[PDB]
Amino acid sequence: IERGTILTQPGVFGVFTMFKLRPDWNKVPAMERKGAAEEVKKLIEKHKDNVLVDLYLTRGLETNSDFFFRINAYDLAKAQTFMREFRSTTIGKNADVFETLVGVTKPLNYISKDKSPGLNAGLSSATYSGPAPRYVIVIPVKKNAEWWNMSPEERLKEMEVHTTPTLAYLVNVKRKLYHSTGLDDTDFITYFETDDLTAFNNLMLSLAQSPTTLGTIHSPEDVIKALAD
Amino acid sequence: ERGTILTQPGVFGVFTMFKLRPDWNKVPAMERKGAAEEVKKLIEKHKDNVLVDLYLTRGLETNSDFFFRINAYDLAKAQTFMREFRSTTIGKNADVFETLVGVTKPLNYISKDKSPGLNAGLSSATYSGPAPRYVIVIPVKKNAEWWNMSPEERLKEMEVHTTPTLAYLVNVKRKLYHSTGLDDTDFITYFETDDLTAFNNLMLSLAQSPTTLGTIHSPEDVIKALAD
Amino acid sequence: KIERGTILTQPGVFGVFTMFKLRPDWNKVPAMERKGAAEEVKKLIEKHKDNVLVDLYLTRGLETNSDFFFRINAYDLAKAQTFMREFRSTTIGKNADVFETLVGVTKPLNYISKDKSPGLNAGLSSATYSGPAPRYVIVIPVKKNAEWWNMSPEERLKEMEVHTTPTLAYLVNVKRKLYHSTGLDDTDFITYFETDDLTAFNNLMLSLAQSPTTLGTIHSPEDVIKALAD
Amino acid sequence: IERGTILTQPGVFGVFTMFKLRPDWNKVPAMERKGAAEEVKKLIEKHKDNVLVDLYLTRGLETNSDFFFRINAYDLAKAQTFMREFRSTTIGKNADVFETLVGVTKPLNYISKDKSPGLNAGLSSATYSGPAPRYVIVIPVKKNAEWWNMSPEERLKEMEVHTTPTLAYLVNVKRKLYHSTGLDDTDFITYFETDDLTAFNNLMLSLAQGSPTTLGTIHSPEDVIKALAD
Amino acid sequence: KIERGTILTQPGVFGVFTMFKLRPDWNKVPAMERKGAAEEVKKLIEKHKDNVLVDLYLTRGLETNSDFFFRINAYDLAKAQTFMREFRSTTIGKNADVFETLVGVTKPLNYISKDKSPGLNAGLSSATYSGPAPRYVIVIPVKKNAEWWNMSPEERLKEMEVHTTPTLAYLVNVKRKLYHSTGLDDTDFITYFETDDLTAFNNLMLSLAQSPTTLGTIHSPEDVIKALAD
Amino acid sequence: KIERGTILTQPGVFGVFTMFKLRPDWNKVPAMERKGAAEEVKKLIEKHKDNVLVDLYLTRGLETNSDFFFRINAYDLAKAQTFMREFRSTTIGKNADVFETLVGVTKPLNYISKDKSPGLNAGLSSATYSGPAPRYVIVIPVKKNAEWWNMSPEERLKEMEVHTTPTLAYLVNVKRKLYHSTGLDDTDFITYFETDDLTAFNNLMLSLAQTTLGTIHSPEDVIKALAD
Ligand code: HEM
Ligand code: HEM
Ligand code: HEM
Ligand code: HEM
Ligand code: HEM
Ligand code: HEM
């Protein structure tokens, strides 16, 4: 598993699990809590060849969660095994699952070279340029009957409308699409990274013209350390 | 056995989704490590009564950690197995999230008689992948507009349903149970695949009912995974 | 005197249906105390042999929201109440929550009578259950809407004739019993079915299609309690 | 306070409180439980010049309650005091309030001698002729904006439609109307007693051609509590 | 300093209404601790003699969702907050949950003023309460919909004249006080009533017919607490 | 480094609003531990002097669903998050549930700018707050519907001019601050008001028609009020 490769390929599974710490986490012995970070660190190293692990901090920014994982894997069952084993961890045993989202990466359906070459070239010509992102946004999306009724040609035109004002934001915002229909009770999981939350608000407003999860990006052991305190 | 019962009409399916109680972690480790054997013995005890499938959802689902599919010629035998499972060490430490009851039936619409072309397509398509690693279960309830329609109208719609889905039969196994009158839904749809991208594409094909996604294992392995 | 064949066949008979869900602390009841629960219930039913008819059904393993339910039939509703109240004082009764209680009363035919609908009435009499002893029970409470009650008696009779036409055939393999609940409970009817053939029942419901369903199995009361004590 | 007088006068307050026994009632020492009936009996006697007290048994017939009181009083504050004091009682401390309904008795608004003499005469010529009633029914009723929009003349005609088929039932169903608008979150509390629940089902169907129904049995207060101590 | 007859009669006065329900563990508070609760509240009110006007009302025995409620009037809302916060630290305050909190301010007449509606305004002044001291309180919060706010001032005035016309008659029997809440709370108005005659109040509401209601009884604060300690 | 008068005045500033309700077990915390809670919070705010601006408000006695709330302003949202998470590890923080969390960012004028609406923009500049320091705070989150977002920019501008016209008068008595939330939270705006005159605020809301209410104190005073 190489981070730069797996995050770039079709057919990759994404499993997103949002956790809320149970009230009795405060009652776990401080020493046992202080060992939780290293336990998680070792679990991630144990699964180094199995899955890519991202862990984000939402505590202080979200009412319904304290942290969430994004697991990427070529084999969904490996993602499942990691998540299952995390739940047997000291902190895992003291956290409720708020939300679990399963999706899979796919090739471009609409804005491809063949179907929409102008906007496709814009998609490739745009490259992220600021500092390493501090922030993550996850938004699941379910499309309605009206969307699915539409012809492929009509949906392509709508996706060209989607893509036109959003290309400018790629210098500032990283995006990643996972597809969920049949795998979960949603159609897509949209995933964003940014250092510039004002740009992200402008992006969303450009699009306006679900449950949002906002968190911060850290090493997994730092996230756990922040939750042990 | 397995190959026969999963292939006949008049066969009952009982799907029960379980969520481990928080006090499962508090069960002594030795008692938890004996849970798998206990379930294995119960299944062997009912070898001549029911077919048992047990699946792992923990790590992929918020609302369940495992679920059973029981197939039986006699519904009461499926009930007996499920009740006895719930008296098991792990069973006593799990809440029932969902219970679905349905029965297998002959083809209503895409039969040789009513729809010979698509019926032939249904028979000529054969699963060609490796042993499936994933299971999907989706209960379906149809609305009054569906039931209002004529048999001919419903047939036309089922022909629309079948047309784009035949392609996926090489890649995805499907099994239909009928539930009207037996439960608070109309159908239980059941799928196995090794290729979840294919399954996603299949559902999208149809788009153009809460979903349970789990993983296929031997029963003792599922319990072993939950004991840890 | 309660004769099963007589009481289940008369008008003015009260039905009380109570669905129970075992509390989590039932597993914590000493195993010997649990093993004595069946006999306690058996004796209670015996005690009330002249007061009420008792049916007890097993729903555990088939239903999320209940483990068992009673159907009590009685000439005197107060007697059904007394039995149910005394059941809740039993070992198993003390360890079970009430999920649902339905009260209804048996009545003469309102629509498909000799007088109003003689053809279909004759079909109702000529149809006889011919299967083995039923293994399965289905209970469905029904509330009718404003539109139904708005309709004329003549319009409601025509609809009941529509209801009866495709269902007569199913009487060879499905037993039915109607209770009327309006004013006695928050529903209008309790419908009650017995069958050995759940494929026939699914077909029956589909024939009709063209509130919540309780499915259970029929056993002696002590067998149901024994099954729950394990 | 005279039962026959207070139940027959305008300006009389009704307070209905439905109670559900808490799970820890079973854990109350059996002798403490067996003393509960006498405690309630003495409270009722202490208030014999303050309020009329009725207590009814719903356990075994209702999911959401085990018993309920109807308190009648000339003075509402006295009904409040009794109920408060009941809640301090051994059984009162082990019971949750499911529902509280407050209403007041009033003169005839519609079917009066002046406004509807024919039906008014029928109302007075009908007399309850059954045995002492064993069953109570309570149904709260809230009317909608359409009702209140209607003219007094239109509402009177509707009330004449209400009364026409129901007069027949007065030989075996007792009725009492309380008015609740402004006093509670409903418009009326309807209260019925009968020995014949078949007739009551027929009555409600006659009418059919916000409102949860409470069905219970009529007993002495001490017998209701004794039944609940068991 | 604060005079009851003055502050209850001025614009710009804040009302804070807080409805409390006793926690189950109130019964478990030592009896002597509970019997000292009344004096503790009495002293708190005395402490804030110059800060707020305090009314306390008993709803237990009449309401499912509350046992008592306060109405605090004050020139300074922050002082009403301070009292309520300090009450919540009392023995009984520590053993009660807040069910509802309503905040409003008193204002001059918007509609039925001398300038806008002189006839009805004169009727408003010429009517005075003539009963015995009121024993009963009613509180009803009111939220008006978009249709109301869309209407012109002239249209709203005409509606308020419709409101006032039949209600003037009831001012001999019913005290009224209006608080305005828009922006301060999630409702538009807090309406407050006192009466000794609940039949008149029912008649009044029916006159108007042609949110949730809280009914309680008026007492000294110490008597209300004493009533809850028992 | 952070200056109150500066950070409250700039675009690109993040606001984090978190409403807390004290757990029933707060009364069971030893009185001396409760009495030290105020200084603990004071020290935490001091430690983050250069990272965030902290406002703490008292809602106990005025709200059913909360006892206190924070408004954190910061150039860096992550620093607001750090303060809030460290607050939650405090003695009082450990004994309070989060009822509500609102995230937003400050932005330049979108509608009532000099360019787009010069007359009303001038009125915005000319109406200033007078009178005593505000005693009261009001926070109202706002989500706009699909009808709003499908309107043209011109149509939305006209609406915002309708919004601004009767509200200018209230700026002598009410301070206002807008935060933008779309994409950062499940709402579109966080509106924030301070006033000493709640009658004026009532009239303002009524003018618009044609909610969290709290009181402003130093952070240690709010905590001291809650320790009692
Ligand atoms: C950062 C700027 C963005 C760019 C450049 C962008 C571009 C695109 C492109 C090119 C696709 C087509 C994928 C394909 O061909 O299969 C797509 C799909 C999609 N986008 Fe974005 N997007 C952006 C931001 C967003 C945001 C903020 C959302 C809101 C959650 C969003 C929601 C979606 C969804 C739900 C789809 C799948 C649509 C479908 O296949 O039916 N996007 N986007
Ligand atoms: C794997 C590819 C699939 C194929 C080849 C297929 C084919 C069929 C056929 C031939 C029938 C008619 C059975 C009869 O005549 O009685 C049917 C029924 C049905 N299918 Fe599928 N199907 C597929 C996937 C799916 C999926 C993904 C769903 C979504 C949950 C679904 C939902 C249903 C339902 C609810 C019925 C019962 C319809 C009714 O009787 O009204 N199917 N399918
Ligand atoms: C087993 C086959 C069935 C037969 C032969 C049958 C026949 C009848 C007849 C003759 C009546 C009218 C009795 C009268 O005149 O008073 C009736 C009533 C009724 N049936 Fe069935 N039925 C069958 C199955 C069902 C099923 C499966 C349901 C669904 C729950 C159902 C629901 C009802 C209801 C709610 C009524 C009350 C009608 C009313 O008085 O408004 N029936 N049935
Ligand atoms: C037992 C046979 C019944 C008779 C003889 C009867 C008769 C009457 C009469 C004469 C009135 C008008 C009282 C007046 O003028 O102020 C009335 C009112 C009313 N009745 Fe009945 N009734 C009967 C049963 C029922 C039943 C079963 C209900 C259903 C719950 C019911 C609901 C009501 C309600 C809600 C009102 C108040 C109507 C209003 O003033 O808006 N009654 N009844
Ligand atoms: C006791 C007899 C009553 C009289 C004489 C009366 C009279 C009035 C008057 C004169 C006003 C106008 C205040 C102004 O100009 O600012 C008013 C407002 C109002 N009244 Fe009453 N009222 C009575 C009872 C009631 C009742 C029973 C309710 C129902 C809860 C009620 C609800 C309201 C409300 C919500 C307003 C504010 C309306 C608004 O400003 O939009 N009133 N009343
Ligand atoms: C105190 C007097 C007020 C004045 C002078 C005022 C003025 C303004 C102005 C000029 C804008 C446009 C900002 C821009 O152009 O980007 C605005 C936006 C907004 N105001 Fe107010 N306002 C006041 C009170 C209120 C109140 C009481 C509320 C109710 C909660 C409110 C809700 C909003 C909202 C939600 C927006 C965002 C609108 C959008 O961009 O779609 N305002 N206000």
# chains A, B, ... in the order shown; residues from 1 in each chain; ligands from 1
call {"tool": "residues_around", "arguments": {"residues": "residue F:174", "least_positions_apart": "5", "cutoff": "12 Å", "atoms": "only C-alpha atoms", "output": "PyMOL selection string"}}
result
chain F and resi 127-138+167-169+192-205
call {"tool": "residues_around", "arguments": {"residues": "stretch 24-33 of chain C", "least_positions_apart": "4", "cutoff": "8 Å", "atoms": "only C-alpha atoms", "output": "number ranges by chain"}}
result
B: 92; C: 37, 91-92, 95-96, 229
call {"tool": "write_last_selection", "arguments": {"atoms": "N, CA and C atoms", "output": "PDB file, in the first residue's frame"}}
result
ATOM      1  N   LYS B  92     -27.150 -14.402  24.056  1.00  0.00           N
ATOM      2  CA  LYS B  92     -27.650 -13.724  25.254  1.00  0.00           C
ATOM      3  C   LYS B  92     -27.072 -12.320  25.388  1.00  0.00           C
TER       4      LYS B  92
ATOM      5  N   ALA C  37     -41.645 -22.028  35.533  1.00  0.00           N
ATOM      6  CA  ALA C  37     -42.589 -21.062  34.937  1.00  0.00           C
ATOM      7  C   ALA C  37     -43.729 -21.705  34.134  1.00  0.00           C
ATOM      8  N   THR C  91     -44.138 -15.812  37.404  1.00  0.00           N
ATOM      9  CA  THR C  91     -42.684 -15.657  37.284  1.00  0.00           C
ATOM     10  C   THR C  91     -42.310 -15.064  35.926  1.00  0.00           C
ATOM     11  N   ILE C  92     -42.801 -15.671  34.846  1.00  0.00           N
ATOM     12  CA  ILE C  92     -42.477 -15.186  33.505  1.00  0.00           C
ATOM     13  C   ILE C  92     -43.171 -13.846  33.218  1.00  0.00           C
ATOM     14  N   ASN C  95     -41.403 -10.808  34.310  1.00  0.00           N
ATOM     15  CA  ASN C  95     -40.186 -10.558  33.550  1.00  0.00           C
ATOM     16  C   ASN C  95     -40.429 -10.282  32.065  1.00  0.00           C
ATOM     17  N   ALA C  96     -41.643  -9.825  31.760  1.00  0.00           N
ATOM     18  CA  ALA C  96     -42.041  -9.527  30.383  1.00  0.00           C
ATOM     19  C   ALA C  96     -42.756  -8.173  30.328  1.00  0.00           C
ATOM     20  N   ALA C 229     -38.167 -20.577  28.505  1.00  0.00           N
ATOM     21  CA  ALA C 229     -37.347 -20.753  29.701  1.00  0.00           C
ATOM     22  C   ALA C 229     -35.921 -21.175  29.321  1.00  0.00           C
TER      23      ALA C 229
END
call {"tool": "interface_residues", "arguments": {"of": "chain D", "to": "chain E", "cutoff": "10 Å", "atoms": "only C-alpha atoms", "output": "PyMOL selection string"}}
result
chain D and resi 10-13+15-18+75-77+79-89+93-94+96-106+144-145+147-152+179-187
call {"tool": "write_last_selection", "arguments": {"atoms": "C-alpha atoms", "output": "PDB file, in the first residue's frame"}}
result
ATOM      1  CA  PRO D  10     -73.601  21.779  35.970  1.00  0.00           C
ATOM      2  CA  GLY D  11     -70.328  23.447  37.049  1.00  0.00           C
ATOM      3  CA  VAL D  12     -68.808  20.246  38.370  1.00  0.00           C
ATOM      4  CA  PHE D  13     -65.123  19.512  37.684  1.00  0.00           C
ATOM      5  CA  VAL D  15     -60.181  15.219  36.861  1.00  0.00           C
ATOM      6  CA  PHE D  16     -59.129  11.992  35.153  1.00  0.00           C
ATOM      7  CA  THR D  17     -55.642  10.660  35.834  1.00  0.00           C
ATOM      8  CA  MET D  18     -54.316   7.488  34.178  1.00  0.00           C
ATOM      9  CA  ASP D  75     -64.153  22.946  43.744  1.00  0.00           C
ATOM     10  CA  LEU D  76     -61.244  22.049  41.298  1.00  0.00           C
ATOM     11  CA  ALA D  77     -58.550  22.859  43.887  1.00  0.00           C
ATOM     12  CA  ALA D  79     -59.699  17.588  43.292  1.00  0.00           C
ATOM     13  CA  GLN D  80     -56.066  18.712  42.880  1.00  0.00           C
ATOM     14  CA  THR D  81     -55.407  18.266  46.599  1.00  0.00           C
ATOM     15  CA  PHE D  82     -56.819  14.723  46.582  1.00  0.00           C
ATOM     16  CA  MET D  83     -54.732  13.733  43.542  1.00  0.00           C
ATOM     17  CA  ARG D  84     -51.553  15.286  44.983  1.00  0.00           C
ATOM     18  CA  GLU D  85     -52.139  13.390  48.220  1.00  0.00           C
ATOM     19  CA  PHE D  86     -52.832  10.159  46.308  1.00  0.00           C
ATOM     20  CA  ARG D  87     -49.423  10.543  44.654  1.00  0.00           C
ATOM     21  CA  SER D  88     -47.768  10.512  48.123  1.00  0.00           C
ATOM     22  CA  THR D  89     -49.403   7.178  48.872  1.00  0.00           C
ATOM     23  CA  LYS D  93     -45.127   6.770  44.746  1.00  0.00           C
ATOM     24  CA  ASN D  94     -44.688   3.669  42.562  1.00  0.00           C
ATOM     25  CA  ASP D  96     -46.150   7.235  36.684  1.00  0.00           C
ATOM     26  CA  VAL D  97     -48.837   9.596  35.367  1.00  0.00           C
ATOM     27  CA  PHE D  98     -49.601   8.624  31.759  1.00  0.00           C
ATOM     28  CA  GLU D  99     -52.399  11.160  31.187  1.00  0.00           C
ATOM     29  CA  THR D 100     -54.306  13.890  33.098  1.00  0.00           C
ATOM     30  CA  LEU D 101     -57.563  15.325  31.762  1.00  0.00           C
ATOM     31  CA  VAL D 102     -59.392  18.278  33.286  1.00  0.00           C
ATOM     32  CA  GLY D 103     -62.933  19.252  32.331  1.00  0.00           C
ATOM     33  CA  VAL D 104     -66.075  20.879  33.629  1.00  0.00           C
ATOM     34  CA  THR D 105     -69.705  19.952  33.449  1.00  0.00           C
ATOM     35  CA  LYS D 106     -72.089  22.420  31.671  1.00  0.00           C
ATOM     36  CA  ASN D 144     -60.864  20.943  14.466  1.00  0.00           C
ATOM     37  CA  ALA D 145     -60.902  24.445  12.930  1.00  0.00           C
ATOM     38  CA  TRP D 147     -65.995  22.748  13.437  1.00  0.00           C
ATOM     39  CA  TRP D 148     -65.255  26.088  15.107  1.00  0.00           C
ATOM     40  CA  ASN D 149     -65.604  27.950  11.773  1.00  0.00           C
ATOM     41  CA  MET D 150     -69.196  26.683  11.355  1.00  0.00           C
ATOM     42  CA  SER D 151     -72.136  28.826  12.447  1.00  0.00           C
ATOM     43  CA  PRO D 152     -74.067  28.005  15.670  1.00  0.00           C
ATOM     44  CA  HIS D 179     -65.907  20.489  28.666  1.00  0.00           C
ATOM     45  CA  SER D 180     -62.156  21.091  28.533  1.00  0.00           C
ATOM     46  CA  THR D 181     -61.310  23.972  26.118  1.00  0.00           C
ATOM     47  CA  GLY D 182     -58.920  26.384  27.870  1.00  0.00           C
ATOM     48  CA  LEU D 183     -58.531  24.045  30.868  1.00  0.00           C
ATOM     49  CA  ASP D 184     -56.550  21.402  29.033  1.00  0.00           C
ATOM     50  CA  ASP D 185     -55.158  20.505  25.597  1.00  0.00           C
ATOM     51  CA  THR D 186     -58.471  18.974  24.462  1.00  0.00           C
ATOM     52  CA  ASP D 187     -62.082  20.148  23.935  1.00  0.00           C
TER      53      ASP D 187
END
call {"tool": "residues_around", "arguments": {"residues": "residue C:84", "least_positions_apart": "3", "cutoff": "9 Å", "atoms": "only C-alpha atoms", "output": "ChimeraX atom specification"}}
result
/C:16,18,70,72,79-81,87-89 /D:59-61
call {"tool": "select_by_dssp", "arguments": {"residues": "stretch 53-219 of chain C", "states": "helix (DSSP H, G or I)", "output": "ChimeraX atom specification"}}
result
/C:77-87,93-95,118-126,146-150,153-164,168-172,198-209
call {"tool": "residues_near_ligand", "arguments": {"ligand": "ligand 1", "cutoff": "6 Å", "atoms": "only C-alpha atoms and all ligand atoms", "output": "ChimeraX atom specification"}}
result
/A:108-111,139,141,163,166-167,169-170,173,175,188,190,204
call {"tool": "interface_residues", "arguments": {"of": "chain E", "to": "chain F", "cutoff": "8 Å", "atoms": "only C-alpha atoms", "output": "list in words"}}
result
residues 12, 16, 78, 80, 81, 82, 83, 84, 85, 86, 89, 94, 98, 99, 100, 101, 102, 103, 105, 149, 150, 180, 181, 182, 183, 184, 185 and 186 of chain E
call {"tool": "write_last_selection", "arguments": {"atoms": "N, CA, C and O atoms", "output": "compact mmCIF listing (two decimals), in the first residue's frame"}}
result
# COMPACT_ATOMS: atom_id res chain seq x y z
N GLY E 12 -42.58 47.43 29.61
CA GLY E 12 -41.14 47.26 29.77
C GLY E 12 -40.74 46.32 30.89
O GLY E 12 -39.59 46.29 31.29
N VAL E 16 -40.49 35.93 33.25
CA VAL E 16 -39.86 34.63 33.05
C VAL E 16 -40.72 33.55 33.71
O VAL E 16 -40.89 33.54 34.93
N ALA E 78 -31.88 40.25 33.68
CA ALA E 78 -30.74 39.59 34.32
C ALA E 78 -31.00 39.26 35.78
O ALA E 78 -30.50 38.26 36.28
N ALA E 80 -34.03 38.53 36.99
CA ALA E 80 -34.94 37.37 36.92
C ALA E 80 -34.14 36.09 36.68
O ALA E 80 -34.39 35.06 37.32
N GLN E 81 -33.19 36.15 35.75
CA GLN E 81 -32.25 35.04 35.55
C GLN E 81 -31.52 34.65 36.85
O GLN E 81 -31.46 33.47 37.18
N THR E 82 -30.98 35.63 37.57
CA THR E 82 -30.26 35.36 38.81
C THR E 82 -31.14 34.66 39.84
O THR E 82 -30.71 33.68 40.42
N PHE E 83 -32.37 35.14 40.03
CA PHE E 83 -33.29 34.45 40.94
C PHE E 83 -33.50 32.99 40.53
O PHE E 83 -33.38 32.08 41.37
N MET E 84 -33.86 32.77 39.27
CA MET E 84 -34.15 31.43 38.76
C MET E 84 -32.98 30.47 38.89
O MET E 84 -33.15 29.32 39.24
N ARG E 85 -31.78 30.98 38.60
CA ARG E 85 -30.55 30.22 38.73
C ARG E 85 -30.33 29.82 40.20
O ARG E 85 -30.02 28.65 40.50
N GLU E 86 -30.52 30.77 41.10
CA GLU E 86 -30.36 30.53 42.53
C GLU E 86 -31.45 29.57 43.05
O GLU E 86 -31.16 28.72 43.89
N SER E 89 -30.53 25.99 42.65
CA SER E 89 -29.51 25.51 43.58
C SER E 89 -30.11 25.18 44.95
O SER E 89 -29.41 24.69 45.83
N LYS E 94 -32.69 21.48 43.08
CA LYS E 94 -31.74 20.43 42.70
C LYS E 94 -32.43 19.10 42.35
O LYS E 94 -31.83 18.24 41.74
N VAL E 98 -36.32 21.18 34.55
CA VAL E 98 -37.03 22.20 33.81
C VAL E 98 -37.73 21.58 32.61
O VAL E 98 -37.08 21.01 31.74
N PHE E 99 -39.06 21.69 32.59
CA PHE E 99 -39.89 21.26 31.46
C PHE E 99 -39.97 22.33 30.36
O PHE E 99 -39.91 22.02 29.17
N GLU E 100 -40.11 23.59 30.78
CA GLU E 100 -40.40 24.70 29.88
C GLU E 100 -39.90 26.00 30.51
O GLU E 100 -40.05 26.19 31.71
N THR E 101 -39.33 26.89 29.70
CA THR E 101 -38.94 28.25 30.12
C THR E 101 -39.42 29.24 29.07
O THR E 101 -39.09 29.10 27.89
N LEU E 102 -40.20 30.23 29.50
CA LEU E 102 -40.77 31.21 28.59
C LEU E 102 -40.33 32.60 29.02
O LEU E 102 -40.43 32.95 30.21
N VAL E 103 -39.83 33.39 28.08
CA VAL E 103 -39.34 34.73 28.35
C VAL E 103 -40.13 35.70 27.47
O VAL E 103 -40.29 35.48 26.26
N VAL E 105 -41.71 40.19 27.30
CA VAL E 105 -41.73 41.54 27.86
C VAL E 105 -43.09 42.14 27.64
O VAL E 105 -43.72 41.94 26.62
N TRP E 149 -48.32 37.51 9.84
CA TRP E 149 -47.26 38.50 9.66
C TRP E 149 -47.27 39.15 8.27
O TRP E 149 -46.86 40.30 8.12
N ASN E 150 -47.77 38.40 7.29
CA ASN E 150 -47.94 38.90 5.92
C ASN E 150 -49.01 39.98 5.80
O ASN E 150 -48.85 40.93 5.03
N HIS E 180 -44.82 39.84 25.37
CA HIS E 180 -44.34 39.73 24.00
C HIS E 180 -42.98 39.03 23.96
O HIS E 180 -42.06 39.43 24.67
N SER E 181 -42.85 38.01 23.11
CA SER E 181 -41.69 37.10 23.15
C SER E 181 -40.84 36.99 21.87
O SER E 181 -39.73 36.46 21.93
N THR E 182 -41.35 37.47 20.74
CA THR E 182 -40.64 37.37 19.46
C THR E 182 -39.18 37.84 19.60
O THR E 182 -38.90 38.95 20.09
N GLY E 183 -38.24 36.98 19.20
CA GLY E 183 -36.82 37.32 19.28
C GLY E 183 -36.19 36.96 20.62
O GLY E 183 -34.98 36.80 20.70
N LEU E 184 -36.99 36.84 21.66
CA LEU E 184 -36.50 36.56 23.02
C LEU E 184 -36.62 35.09 23.32
O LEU E 184 -35.96 34.56 24.22
N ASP E 185 -37.51 34.45 22.59
CA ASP E 185 -37.84 33.05 22.80
C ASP E 185 -38.43 32.48 21.51
O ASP E 185 -38.66 33.22 20.56
N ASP E 186 -38.69 31.18 21.50
CA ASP E 186 -39.21 30.53 20.29
C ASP E 186 -40.74 30.54 20.23
O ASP E 186 -41.36 29.60 19.75
call {"tool": "select_by_dssp", "arguments": {"residues": "stretch 97-220 of chain A", "states": "strand (DSSP E or B)", "output": "PyMOL selection string"}}
result
chain A and resi 97-104+135-141+173-179+181+184+188-194+213-217
call {"tool": "write_last_selection", "arguments": {"atoms": "C-alpha atoms", "output": "mmCIF file, in the first residue's frame"}}
result
data_model
loop_
_atom_site.group_PDB
_atom_site.id
_atom_site.type_symbol
_atom_site.label_atom_id
_atom_site.label_comp_id
_atom_site.auth_asym_id
_atom_site.auth_seq_id
_atom_site.Cartn_x
_atom_site.Cartn_y
_atom_site.Cartn_z
ATOM 1 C CA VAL A 97 -20.378 4.309 16.105
ATOM 2 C CA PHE A 98 -22.383 7.338 14.982
ATOM 3 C CA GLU A 99 -22.117 6.743 11.223
ATOM 4 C CA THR A 100 -20.530 4.199 8.811
ATOM 5 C CA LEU A 101 -20.188 4.958 5.098
ATOM 6 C CA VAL A 102 -18.994 2.494 2.448
ATOM 7 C CA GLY A 103 -18.063 3.493 -1.080
ATOM 8 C CA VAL A 104 -15.877 2.611 -3.993
ATOM 9 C CA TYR A 135 -9.068 20.417 7.328
ATOM 10 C CA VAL A 136 -11.257 17.580 6.101
ATOM 11 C CA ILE A 137 -14.894 17.713 4.970
ATOM 12 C CA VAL A 138 -17.027 14.621 4.325
ATOM 13 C CA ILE A 139 -20.517 14.922 2.806
ATOM 14 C CA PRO A 140 -22.611 11.869 1.846
ATOM 15 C CA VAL A 141 -24.988 12.517 -1.082
ATOM 16 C CA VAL A 173 -9.393 22.291 -2.352
ATOM 17 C CA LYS A 174 -8.618 18.582 -2.895
ATOM 18 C CA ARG A 175 -11.608 16.395 -3.738
ATOM 19 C CA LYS A 176 -12.224 12.640 -3.913
ATOM 20 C CA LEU A 177 -15.419 10.850 -4.993
ATOM 21 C CA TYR A 178 -16.568 7.446 -3.753
ATOM 22 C CA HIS A 179 -19.651 5.661 -5.150
ATOM 23 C CA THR A 181 -25.300 2.920 -4.422
ATOM 24 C CA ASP A 184 -24.867 1.643 1.512
ATOM 25 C CA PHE A 188 -21.911 9.037 -3.022
ATOM 26 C CA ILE A 189 -19.392 9.949 -0.386
ATOM 27 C CA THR A 190 -17.704 13.227 -1.226
ATOM 28 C CA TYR A 191 -14.385 13.883 0.484
ATOM 29 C CA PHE A 192 -12.513 17.183 0.627
ATOM 30 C CA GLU A 193 -9.237 18.496 2.042
ATOM 31 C CA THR A 194 -8.333 22.180 2.354
ATOM 32 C CA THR A 213 -18.601 16.399 8.903
ATOM 33 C CA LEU A 214 -15.764 18.891 9.540
ATOM 34 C CA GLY A 215 -12.555 17.765 11.179
ATOM 35 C CA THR A 216 -8.844 18.375 11.316
ATOM 36 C CA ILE A 217 -6.004 16.356 9.787
#
